[PDB]
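Q: You'll find structure_30.txt just under this line, and it carries compact mmCIF, N, CA, C and O atoms.
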```txt
# COMPACT_ATOMS: atom_id res chain seq x y z
N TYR A 2 -0.40 -3.90 -18.48
CA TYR A 2 -1.52 -4.12 -17.56
C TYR A 2 -2.87 -4.00 -18.27
O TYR A 2 -3.21 -2.94 -18.80
N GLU A 3 -3.63 -5.09 -18.27
CA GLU A 3 -4.92 -5.14 -18.96
C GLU A 3 -6.07 -4.55 -18.14
O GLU A 3 -7.17 -4.33 -18.68
N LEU A 4 -5.84 -4.32 -16.86
CA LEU A 4 -6.83 -3.67 -16.02
C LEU A 4 -6.36 -2.28 -15.61
O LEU A 4 -5.17 -2.07 -15.33
N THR A 5 -7.29 -1.34 -15.54
CA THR A 5 -6.96 0.05 -15.24
C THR A 5 -7.36 0.41 -13.82
O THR A 5 -8.51 0.22 -13.42
N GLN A 6 -6.40 0.94 -13.07
CA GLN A 6 -6.64 1.44 -11.73
C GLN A 6 -6.15 2.87 -11.63
O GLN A 6 -5.20 3.27 -12.32
N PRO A 7 -6.79 3.67 -10.77
CA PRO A 7 -6.27 5.01 -10.49
C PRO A 7 -4.87 4.87 -9.92
O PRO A 7 -4.61 3.91 -9.20
N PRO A 8 -3.97 5.79 -10.27
CA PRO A 8 -2.61 5.79 -9.73
C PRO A 8 -2.61 5.97 -8.22
O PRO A 8 -1.77 5.40 -7.52
N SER A 9 -3.54 6.76 -7.71
CA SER A 9 -3.56 7.05 -6.29
C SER A 9 -4.96 7.36 -5.78
O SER A 9 -5.84 7.77 -6.54
N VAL A 10 -5.15 7.14 -4.49
CA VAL A 10 -6.38 7.50 -3.80
C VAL A 10 -5.95 8.03 -2.45
O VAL A 10 -5.10 7.43 -1.79
N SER A 11 -6.49 9.17 -2.04
CA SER A 11 -6.16 9.73 -0.74
C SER A 11 -7.44 9.95 0.07
O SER A 11 -8.48 10.28 -0.49
N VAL A 12 -7.35 9.74 1.37
CA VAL A 12 -8.47 9.97 2.28
C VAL A 12 -7.98 10.46 3.63
O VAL A 12 -6.83 10.22 4.00
N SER A 13 -8.85 11.15 4.36
CA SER A 13 -8.53 11.52 5.73
C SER A 13 -8.89 10.35 6.62
O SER A 13 -9.72 9.52 6.26
N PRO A 14 -8.26 10.27 7.80
CA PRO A 14 -8.53 9.15 8.71
C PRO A 14 -10.02 8.97 8.99
O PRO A 14 -10.72 9.94 9.27
N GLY A 15 -10.48 7.73 8.90
CA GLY A 15 -11.85 7.40 9.23
C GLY A 15 -12.81 7.55 8.06
O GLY A 15 -13.95 7.10 8.13
N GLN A 16 -12.35 8.20 6.99
CA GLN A 16 -13.16 8.37 5.78
C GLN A 16 -13.16 7.07 4.99
O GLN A 16 -12.30 6.21 5.21
N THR A 17 -14.10 6.92 4.07
CA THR A 17 -14.20 5.70 3.27
C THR A 17 -13.39 5.87 2.01
O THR A 17 -13.54 6.86 1.31
N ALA A 18 -12.52 4.90 1.72
CA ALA A 18 -11.70 4.93 0.51
C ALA A 18 -12.21 3.88 -0.47
O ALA A 18 -12.59 2.79 -0.07
N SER A 19 -12.23 4.22 -1.75
CA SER A 19 -12.64 3.26 -2.78
C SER A 19 -11.62 3.23 -3.90
O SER A 19 -11.11 4.28 -4.32
N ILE A 20 -11.33 2.03 -4.39
CA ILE A 20 -10.35 1.82 -5.44
C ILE A 20 -11.05 1.05 -6.55
O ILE A 20 -11.69 0.03 -6.28
N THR A 21 -10.90 1.53 -7.78
CA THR A 21 -11.54 0.93 -8.94
C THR A 21 -10.56 0.18 -9.83
O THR A 21 -9.36 0.45 -9.82
N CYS A 22 -11.12 -0.72 -10.62
CA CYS A 22 -10.35 -1.62 -11.45
C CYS A 22 -11.23 -1.94 -12.66
O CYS A 22 -12.26 -2.58 -12.51
N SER A 23 -10.83 -1.48 -13.83
CA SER A 23 -11.67 -1.69 -15.01
C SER A 23 -10.93 -2.36 -16.17
O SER A 23 -9.71 -2.26 -16.29
N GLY A 24 -11.71 -3.04 -17.01
CA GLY A 24 -11.19 -3.78 -18.14
C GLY A 24 -12.34 -4.45 -18.85
O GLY A 24 -13.32 -4.85 -18.22
N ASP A 25 -12.23 -4.57 -20.17
CA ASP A 25 -13.30 -5.14 -20.97
C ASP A 25 -13.89 -6.38 -20.30
O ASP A 25 -13.16 -7.29 -19.90
N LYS A 26 -15.22 -6.39 -20.17
CA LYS A 26 -15.94 -7.54 -19.63
C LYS A 26 -15.32 -8.11 -18.35
O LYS A 26 -15.22 -9.32 -18.18
N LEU A 27 -14.90 -7.22 -17.45
CA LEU A 27 -14.34 -7.65 -16.17
C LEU A 27 -15.36 -8.43 -15.36
O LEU A 27 -15.01 -9.37 -14.64
N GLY A 28 -16.63 -8.05 -15.49
CA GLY A 28 -17.71 -8.74 -14.80
C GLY A 28 -17.80 -10.23 -15.11
O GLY A 28 -18.43 -10.99 -14.38
N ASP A 29 -17.17 -10.64 -16.21
CA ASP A 29 -17.14 -12.05 -16.60
C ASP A 29 -16.12 -12.88 -15.81
O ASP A 29 -16.24 -14.10 -15.73
N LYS A 30 -15.11 -12.21 -15.26
CA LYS A 30 -14.08 -12.88 -14.46
C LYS A 30 -14.32 -12.59 -12.98
O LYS A 30 -15.17 -11.78 -12.64
N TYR A 31 -13.56 -13.26 -12.12
CA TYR A 31 -13.60 -12.95 -10.69
C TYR A 31 -12.47 -12.01 -10.33
O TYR A 31 -11.36 -12.14 -10.83
N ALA A 32 -12.77 -11.05 -9.47
CA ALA A 32 -11.79 -10.06 -9.07
C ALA A 32 -11.15 -10.43 -7.75
O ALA A 32 -11.81 -10.94 -6.85
N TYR A 33 -9.85 -10.13 -7.63
CA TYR A 33 -9.09 -10.43 -6.43
C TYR A 33 -8.27 -9.19 -6.09
O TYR A 33 -7.69 -8.55 -6.97
N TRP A 34 -8.20 -8.87 -4.80
CA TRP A 34 -7.54 -7.64 -4.36
C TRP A 34 -6.41 -7.95 -3.38
O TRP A 34 -6.61 -8.65 -2.41
N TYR A 35 -5.22 -7.40 -3.66
CA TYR A 35 -4.05 -7.60 -2.82
C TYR A 35 -3.59 -6.29 -2.22
O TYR A 35 -3.47 -5.29 -2.93
N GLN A 36 -3.35 -6.30 -0.91
CA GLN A 36 -2.76 -5.19 -0.20
C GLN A 36 -1.27 -5.45 -0.14
O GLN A 36 -0.84 -6.52 0.28
N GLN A 37 -0.47 -4.48 -0.58
CA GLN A 37 0.96 -4.69 -0.70
C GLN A 37 1.66 -3.48 -0.11
O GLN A 37 1.65 -2.39 -0.69
N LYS A 38 2.23 -3.68 1.08
CA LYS A 38 3.10 -2.68 1.68
C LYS A 38 4.52 -2.95 1.22
O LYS A 38 4.98 -4.09 1.25
N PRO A 39 5.21 -1.90 0.76
CA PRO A 39 6.56 -2.06 0.23
C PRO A 39 7.41 -2.93 1.15
O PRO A 39 7.47 -2.67 2.36
N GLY A 40 8.03 -3.97 0.59
CA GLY A 40 8.94 -4.83 1.34
C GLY A 40 8.28 -5.81 2.30
O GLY A 40 8.94 -6.34 3.20
N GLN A 41 6.98 -6.04 2.12
CA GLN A 41 6.25 -6.99 2.96
C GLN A 41 5.43 -7.92 2.07
O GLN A 41 5.19 -7.62 0.90
N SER A 42 4.99 -9.05 2.62
CA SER A 42 4.22 -10.00 1.84
C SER A 42 2.91 -9.37 1.41
O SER A 42 2.26 -8.68 2.20
N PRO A 43 2.49 -9.62 0.16
CA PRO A 43 1.16 -9.18 -0.25
C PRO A 43 0.11 -9.93 0.56
O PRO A 43 0.35 -11.07 0.94
N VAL A 44 -1.01 -9.28 0.86
CA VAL A 44 -2.08 -9.90 1.63
C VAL A 44 -3.34 -9.88 0.77
O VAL A 44 -3.69 -8.86 0.20
N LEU A 45 -4.02 -11.02 0.68
CA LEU A 45 -5.28 -11.05 -0.05
C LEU A 45 -6.35 -10.48 0.86
O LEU A 45 -6.59 -11.03 1.94
N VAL A 46 -6.98 -9.39 0.44
CA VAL A 46 -8.02 -8.76 1.27
C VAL A 46 -9.45 -9.05 0.79
O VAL A 46 -10.37 -9.06 1.60
N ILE A 47 -9.62 -9.27 -0.51
CA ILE A 47 -10.92 -9.63 -1.06
C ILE A 47 -10.70 -10.65 -2.18
O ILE A 47 -9.80 -10.50 -3.01
N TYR A 48 -11.51 -11.70 -2.21
CA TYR A 48 -11.39 -12.67 -3.29
C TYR A 48 -12.76 -12.99 -3.87
O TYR A 48 -13.77 -12.82 -3.18
N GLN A 49 -12.78 -13.45 -5.11
CA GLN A 49 -14.03 -13.77 -5.80
C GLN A 49 -15.00 -12.61 -5.73
O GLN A 49 -16.14 -12.76 -5.27
N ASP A 50 -14.53 -11.46 -6.18
CA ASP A 50 -15.33 -10.24 -6.25
C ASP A 50 -15.59 -9.58 -4.90
O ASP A 50 -15.31 -8.39 -4.74
N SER A 51 -16.12 -10.35 -3.94
CA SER A 51 -16.73 -9.74 -2.76
C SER A 51 -16.51 -10.47 -1.45
O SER A 51 -17.04 -10.07 -0.41
N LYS A 52 -15.72 -11.55 -1.48
CA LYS A 52 -15.53 -12.34 -0.28
C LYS A 52 -14.30 -11.92 0.52
O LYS A 52 -13.30 -11.49 -0.04
N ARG A 53 -14.40 -12.04 1.84
CA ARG A 53 -13.36 -11.60 2.75
C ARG A 53 -12.68 -12.80 3.41
O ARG A 53 -13.34 -13.61 4.06
N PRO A 54 -11.35 -12.93 3.23
CA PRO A 54 -10.63 -14.02 3.91
C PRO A 54 -10.66 -13.82 5.40
O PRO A 54 -10.71 -12.68 5.87
N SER A 55 -10.62 -14.91 6.15
CA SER A 55 -10.57 -14.84 7.60
C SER A 55 -9.39 -13.99 8.01
O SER A 55 -8.34 -14.04 7.38
N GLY A 56 -9.57 -13.20 9.06
CA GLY A 56 -8.50 -12.36 9.59
C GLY A 56 -8.42 -10.97 8.99
O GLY A 56 -7.71 -10.11 9.51
N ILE A 57 -9.13 -10.74 7.90
CA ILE A 57 -9.20 -9.43 7.27
C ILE A 57 -10.35 -8.63 7.91
O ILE A 57 -11.46 -9.15 8.03
N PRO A 58 -10.09 -7.38 8.33
CA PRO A 58 -11.11 -6.56 9.00
C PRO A 58 -12.38 -6.41 8.17
O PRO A 58 -12.33 -6.34 6.93
N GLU A 59 -13.52 -6.34 8.85
CA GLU A 59 -14.80 -6.23 8.17
C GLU A 59 -14.97 -4.93 7.38
O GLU A 59 -15.90 -4.80 6.57
N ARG A 60 -14.07 -3.98 7.59
CA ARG A 60 -14.17 -2.72 6.86
C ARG A 60 -13.79 -2.83 5.38
O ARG A 60 -14.05 -1.91 4.60
N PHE A 61 -13.19 -3.96 5.00
CA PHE A 61 -12.90 -4.24 3.59
C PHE A 61 -14.06 -4.93 2.87
O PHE A 61 -14.53 -5.99 3.31
N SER A 62 -14.50 -4.34 1.77
CA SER A 62 -15.55 -4.96 0.95
C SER A 62 -15.24 -4.77 -0.53
O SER A 62 -14.40 -3.95 -0.90
N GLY A 63 -15.91 -5.53 -1.38
CA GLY A 63 -15.65 -5.42 -2.80
C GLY A 63 -16.85 -5.81 -3.63
O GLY A 63 -17.74 -6.50 -3.16
N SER A 64 -16.87 -5.37 -4.88
CA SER A 64 -17.89 -5.86 -5.80
C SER A 64 -17.35 -5.85 -7.21
O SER A 64 -16.28 -5.30 -7.47
N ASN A 65 -18.07 -6.49 -8.11
CA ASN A 65 -17.65 -6.56 -9.50
C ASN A 65 -18.89 -6.58 -10.37
O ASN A 65 -19.69 -7.51 -10.32
N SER A 66 -19.07 -5.52 -11.15
CA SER A 66 -20.24 -5.38 -12.00
C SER A 66 -19.83 -4.76 -13.32
O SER A 66 -19.12 -3.75 -13.35
N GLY A 67 -20.28 -5.36 -14.42
CA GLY A 67 -20.00 -4.85 -15.74
C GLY A 67 -18.52 -4.87 -16.08
O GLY A 67 -17.90 -5.93 -16.13
N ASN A 68 -17.96 -3.69 -16.30
CA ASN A 68 -16.55 -3.58 -16.63
C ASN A 68 -15.74 -3.04 -15.46
O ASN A 68 -14.64 -2.54 -15.66
N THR A 69 -16.28 -3.11 -14.24
CA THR A 69 -15.60 -2.48 -13.10
C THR A 69 -15.75 -3.21 -11.77
O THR A 69 -16.86 -3.50 -11.32
N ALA A 70 -14.60 -3.49 -11.16
CA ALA A 70 -14.54 -4.02 -9.81
C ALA A 70 -14.06 -2.92 -8.88
O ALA A 70 -13.20 -2.12 -9.24
N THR A 71 -14.60 -2.91 -7.66
CA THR A 71 -14.35 -1.85 -6.70
C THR A 71 -14.01 -2.43 -5.34
O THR A 71 -14.72 -3.30 -4.85
N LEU A 72 -12.93 -1.94 -4.72
CA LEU A 72 -12.59 -2.31 -3.36
C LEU A 72 -12.97 -1.12 -2.50
O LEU A 72 -12.63 0.01 -2.82
N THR A 73 -13.69 -1.36 -1.41
CA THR A 73 -14.03 -0.26 -0.51
C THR A 73 -13.50 -0.56 0.88
O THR A 73 -13.65 -1.68 1.38
N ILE A 74 -12.86 0.44 1.47
CA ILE A 74 -12.40 0.36 2.85
C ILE A 74 -13.08 1.44 3.67
O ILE A 74 -12.85 2.62 3.44
N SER A 75 -13.92 1.04 4.61
CA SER A 75 -14.60 2.04 5.41
C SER A 75 -13.73 2.33 6.61
O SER A 75 -12.89 1.51 6.99
N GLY A 76 -13.91 3.50 7.20
CA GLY A 76 -13.18 3.84 8.41
C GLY A 76 -11.68 3.66 8.24
O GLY A 76 -11.03 3.11 9.12
N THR A 77 -11.15 4.15 7.13
CA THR A 77 -9.75 3.91 6.77
C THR A 77 -8.78 4.28 7.89
O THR A 77 -8.83 5.40 8.43
N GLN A 78 -7.93 3.32 8.23
CA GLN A 78 -6.95 3.50 9.31
C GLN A 78 -5.55 3.65 8.74
O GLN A 78 -5.27 3.21 7.63
N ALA A 79 -4.65 4.27 9.49
CA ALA A 79 -3.29 4.49 9.02
C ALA A 79 -2.63 3.19 8.55
O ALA A 79 -1.83 3.19 7.62
N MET A 80 -2.98 2.08 9.20
CA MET A 80 -2.42 0.78 8.85
C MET A 80 -2.94 0.23 7.51
O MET A 80 -2.45 -0.78 7.01
N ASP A 81 -3.93 0.91 6.94
CA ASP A 81 -4.44 0.53 5.63
C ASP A 81 -3.61 1.14 4.49
O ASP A 81 -3.76 0.74 3.33
N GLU A 82 -2.76 2.09 4.83
CA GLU A 82 -1.88 2.72 3.84
C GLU A 82 -0.98 1.66 3.18
O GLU A 82 -0.22 0.98 3.86
N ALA A 83 -1.08 1.53 1.86
CA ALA A 83 -0.42 0.46 1.13
C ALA A 83 -0.70 0.66 -0.35
O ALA A 83 -1.45 1.55 -0.71
N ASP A 84 -0.10 -0.18 -1.19
CA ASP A 84 -0.46 -0.24 -2.60
C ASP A 84 -1.50 -1.34 -2.75
O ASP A 84 -1.37 -2.40 -2.15
N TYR A 85 -2.52 -1.10 -3.56
CA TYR A 85 -3.56 -2.09 -3.78
C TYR A 85 -3.57 -2.54 -5.22
O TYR A 85 -3.59 -1.71 -6.13
N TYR A 86 -3.56 -3.86 -5.42
CA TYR A 86 -3.56 -4.44 -6.76
C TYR A 86 -4.78 -5.30 -7.04
O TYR A 86 -5.12 -6.19 -6.27
N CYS A 87 -5.47 -5.03 -8.15
CA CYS A 87 -6.54 -5.91 -8.58
C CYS A 87 -6.02 -6.91 -9.60
O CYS A 87 -5.11 -6.61 -10.38
N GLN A 88 -6.61 -8.09 -9.58
CA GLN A 88 -6.32 -9.15 -10.54
C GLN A 88 -7.65 -9.79 -10.87
O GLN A 88 -8.57 -9.76 -10.06
N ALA A 89 -7.77 -10.36 -12.06
CA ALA A 89 -9.00 -11.05 -12.43
C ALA A 89 -8.71 -12.45 -12.97
O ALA A 89 -7.85 -12.62 -13.84
N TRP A 90 -9.42 -13.44 -12.43
CA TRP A 90 -9.22 -14.84 -12.75
C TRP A 90 -10.37 -15.37 -13.58
O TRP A 90 -11.53 -15.19 -13.22
N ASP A 91 -10.05 -16.02 -14.69
CA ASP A 91 -11.06 -16.68 -15.50
C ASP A 91 -10.94 -18.19 -15.29
O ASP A 91 -9.89 -18.69 -14.90
N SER A 92 -12.03 -18.91 -15.54
CA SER A 92 -12.03 -20.36 -15.37
C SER A 92 -10.92 -20.99 -16.19
O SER A 92 -10.31 -21.98 -15.78
N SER A 93 -10.64 -20.39 -17.35
CA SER A 93 -9.65 -20.93 -18.27
C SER A 93 -8.40 -20.06 -18.37
O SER A 93 -7.29 -20.51 -18.04
N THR A 94 -8.58 -18.82 -18.81
CA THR A 94 -7.47 -17.95 -19.18
C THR A 94 -6.51 -17.61 -18.04
O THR A 94 -6.80 -17.85 -16.86
N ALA A 95 -5.37 -17.03 -18.41
CA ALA A 95 -4.37 -16.59 -17.45
C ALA A 95 -4.79 -15.27 -16.81
O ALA A 95 -5.39 -14.41 -17.46
N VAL A 96 -4.47 -15.13 -15.53
CA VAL A 96 -4.77 -13.93 -14.78
C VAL A 96 -4.40 -12.66 -15.54
O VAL A 96 -3.40 -12.62 -16.25
N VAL A 97 -5.24 -11.63 -15.41
CA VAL A 97 -4.95 -10.28 -15.89
C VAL A 97 -4.79 -9.37 -14.68
O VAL A 97 -5.40 -9.61 -13.64
N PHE A 98 -3.98 -8.32 -14.82
CA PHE A 98 -3.53 -7.54 -13.69
C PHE A 98 -3.76 -6.04 -13.86
O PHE A 98 -3.59 -5.50 -14.96
N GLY A 99 -4.12 -5.38 -12.77
CA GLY A 99 -4.12 -3.93 -12.73
C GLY A 99 -2.75 -3.42 -12.32
O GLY A 99 -1.92 -4.18 -11.83
N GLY A 100 -2.51 -2.13 -12.53
CA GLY A 100 -1.19 -1.57 -12.31
C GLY A 100 -0.99 -1.03 -10.91
O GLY A 100 0.06 -0.47 -10.60
N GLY A 101 -2.01 -1.18 -10.06
CA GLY A 101 -1.88 -0.78 -8.67
C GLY A 101 -2.22 0.67 -8.32
O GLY A 101 -2.02 1.61 -9.11
N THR A 102 -2.71 0.83 -7.10
CA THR A 102 -3.12 2.12 -6.57
C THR A 102 -2.46 2.38 -5.23
O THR A 102 -2.55 1.54 -4.32
N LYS A 103 -1.80 3.53 -5.09
CA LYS A 103 -1.22 3.93 -3.81
C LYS A 103 -2.30 4.57 -2.94
O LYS A 103 -2.83 5.62 -3.28
N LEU A 104 -2.61 3.93 -1.81
CA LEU A 104 -3.58 4.51 -0.87
C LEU A 104 -2.87 5.29 0.24
O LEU A 104 -2.08 4.72 1.01
N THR A 105 -3.14 6.58 0.31
CA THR A 105 -2.58 7.44 1.34
C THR A 105 -3.65 7.92 2.31
O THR A 105 -4.76 8.27 1.91
N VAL A 106 -3.33 7.89 3.59
CA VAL A 106 -4.22 8.44 4.60
C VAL A 106 -3.71 9.80 5.07
O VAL A 106 -2.73 9.87 5.81
N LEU A 107 -4.35 10.87 4.59
CA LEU A 107 -4.10 12.26 4.99
C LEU A 107 -4.42 13.26 3.88
O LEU A 107 -3.99 13.11 2.73
```
Once more with this new file: its structure as structure tokens, please.

A:
Amino acid sequence: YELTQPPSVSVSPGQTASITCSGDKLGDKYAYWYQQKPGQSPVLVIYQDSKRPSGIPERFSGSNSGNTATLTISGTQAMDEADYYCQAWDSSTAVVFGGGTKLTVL
């Protein structure tokens, strides 16, 4: 895995959770965030650094600056509990991947 993510992030209900994703010159690529509940389809929650796909709650936001992309979930709900994966897309090169973060609410 060419991108580094914390192994885990924990928050109490309603608190804001943030997940980081770092790698050399990450700011040069676009960041993409996938929510992955074990045994279910991955869901794209943020794309192109900071954009939100239709149907994704407004509490999901993201940014990408320098060597670090960040996913933020405000008002974290029990249904947000999942593994989160960052990926970065370059105009040319093949996708690079983070190793995932387990988000726990409690």

Q: Tell me which protein, DNA and RNA residues are within 7 Å of residue 62 of chain A, counting only C-alpha atoms, leaving out same-chain ones fewer than 4 positions away, and put them as a list in words.

A: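 Near neighbours after the sequence-gap exclusion: residues 47, 51, 72, 73 and 74 of chain A.
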
Q: Need the shell around residue 84 of chain A: protein/DNA/RNA residues with any atom at most 5 Å away, counting all atoms listed in the file. Skip same-chain ones fewer than 6 positions apart. Format as JSON, numbers by chain?

A: {"A": [35, 36, 37, 38, 102, 103, 104]}

Q: From the set A:55, A:94, A:17, A:49, which residue has the shortest atom-to-atom contact distance to residue 34 of chain A, counting all atoms listed in the file?

A: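 The answer is A:49, which sits nearest to residue 34 of chain A.
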
Q: For the atom pair atom C of residue 16 of chain A and atom CA of residue 76 of chain A, what is the interatomic distance in Å to one decimal place?

A: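 A separation of 4.7 Å between them.
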
Q: In terms of the shortest atom-to-atom distance over only N, CA, C and O atoms, which of A:54, A:67, A:99, A:7 is closest to residue 25 of chain A?

A: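 Under the stated criterion, the closest residue is A:67.
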
Q: Taking the point (-15.4, -5.0, -7.0) as given in the file, collect each protein or nucleic acid residue that comes within 7 Å of it, counting only N, CA, C and O atoms, and present the set as an NGL selection string.

A: :A and (20 or 22 or 32 or 50-51 or 62-66 or 69-73)

Q: Restricting the output to N, CA, C and O atoms, write the selected residues as a tab-separated table (two decimals), in the frame of the given file.

A:
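To be explicit, this is the file written out as out13.tsv:
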```tsv
chain	number	residue	atom	x	y	z
A	20	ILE	N	-11.33	2.03	-4.39
A	20	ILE	CA	-10.35	1.82	-5.44
A	20	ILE	C	-11.05	1.05	-6.55
A	20	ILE	O	-11.69	0.03	-6.28
A	22	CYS	N	-11.12	-0.72	-10.62
A	22	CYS	CA	-10.35	-1.62	-11.45
A	22	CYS	C	-11.23	-1.94	-12.66
A	22	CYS	O	-12.26	-2.58	-12.51
A	32	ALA	N	-12.77	-11.05	-9.47
A	32	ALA	CA	-11.79	-10.06	-9.07
A	32	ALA	C	-11.15	-10.43	-7.75
A	32	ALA	O	-11.81	-10.94	-6.85
A	50	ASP	N	-14.53	-11.46	-6.18
A	50	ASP	CA	-15.33	-10.24	-6.25
A	50	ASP	C	-15.59	-9.58	-4.90
A	50	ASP	O	-15.31	-8.39	-4.74
A	51	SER	N	-16.12	-10.35	-3.94
A	51	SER	CA	-16.73	-9.74	-2.76
A	51	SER	C	-16.51	-10.47	-1.45
A	51	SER	O	-17.04	-10.07	-0.41
A	62	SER	N	-14.50	-4.34	1.77
A	62	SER	CA	-15.55	-4.96	0.95
A	62	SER	C	-15.24	-4.77	-0.53
A	62	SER	O	-14.40	-3.95	-0.90
A	63	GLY	N	-15.91	-5.53	-1.38
A	63	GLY	CA	-15.65	-5.42	-2.80
A	63	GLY	C	-16.85	-5.81	-3.63
A	63	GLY	O	-17.74	-6.50	-3.16
A	64	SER	N	-16.87	-5.37	-4.88
A	64	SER	CA	-17.89	-5.86	-5.80
A	64	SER	C	-17.35	-5.85	-7.21
A	64	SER	O	-16.28	-5.30	-7.47
A	65	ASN	N	-18.07	-6.49	-8.11
A	65	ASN	CA	-17.65	-6.56	-9.50
A	65	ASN	C	-18.89	-6.58	-10.37
A	65	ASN	O	-19.69	-7.51	-10.32
A	66	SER	N	-19.07	-5.52	-11.15
A	66	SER	CA	-20.24	-5.38	-12.00
A	66	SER	C	-19.83	-4.76	-13.32
A	66	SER	O	-19.12	-3.75	-13.35
A	69	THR	N	-16.28	-3.11	-14.24
A	69	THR	CA	-15.60	-2.48	-13.10
A	69	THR	C	-15.75	-3.21	-11.77
A	69	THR	O	-16.86	-3.50	-11.32
A	70	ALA	N	-14.60	-3.49	-11.16
A	70	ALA	CA	-14.54	-4.02	-9.81
A	70	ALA	C	-14.06	-2.92	-8.88
A	70	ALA	O	-13.20	-2.12	-9.24
A	71	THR	N	-14.60	-2.91	-7.66
A	71	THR	CA	-14.35	-1.85	-6.70
A	71	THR	C	-14.01	-2.43	-5.34
A	71	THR	O	-14.72	-3.30	-4.85
A	72	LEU	N	-12.93	-1.94	-4.72
A	72	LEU	CA	-12.59	-2.31	-3.36
A	72	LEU	C	-12.97	-1.12	-2.50
A	72	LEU	O	-12.63	0.01	-2.82
A	73	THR	N	-13.69	-1.36	-1.41
A	73	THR	CA	-14.03	-0.26	-0.51
A	73	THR	C	-13.50	-0.56	0.88
A	73	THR	O	-13.65	-1.68	1.38
```

Q: Just asking: which residues within chain A are strand (DSSP E) according to DSSP, as a PyMOL selection string?

A: chain A and resi 9-12+18-23+31-37+44-47+61-66+69-74+83-90+97-98+102-106

Q: Quote the spacing between atom N of residue 9 of chain A and atom C of residue 101 of chain A in Å to one decimal place.

A: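 Distance between the two atoms: 6.3 Å.
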
Q: Could you pull out all residues of chain A with a DSSP call of helix (DSSP H, G or I) and give them as a ChimeraX atom specification?

A: /A:27-29,79-81

Q: Restricting the calculation to only N, CA, C and O atoms, which member of A:92, A:15, A:40, A:23 is positioned closest to residue 3 of chain A?

A: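 For residue 3 of chain A, the nearest of the candidates is A:23.
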
Q: Calculated over only N, CA, C and O atoms, which of the candidates A:45, A:10, A:106, A:95 has the smallest distance to residue 79 of chain A?

A: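 The answer is A:106, which sits nearest to residue 79 of chain A.
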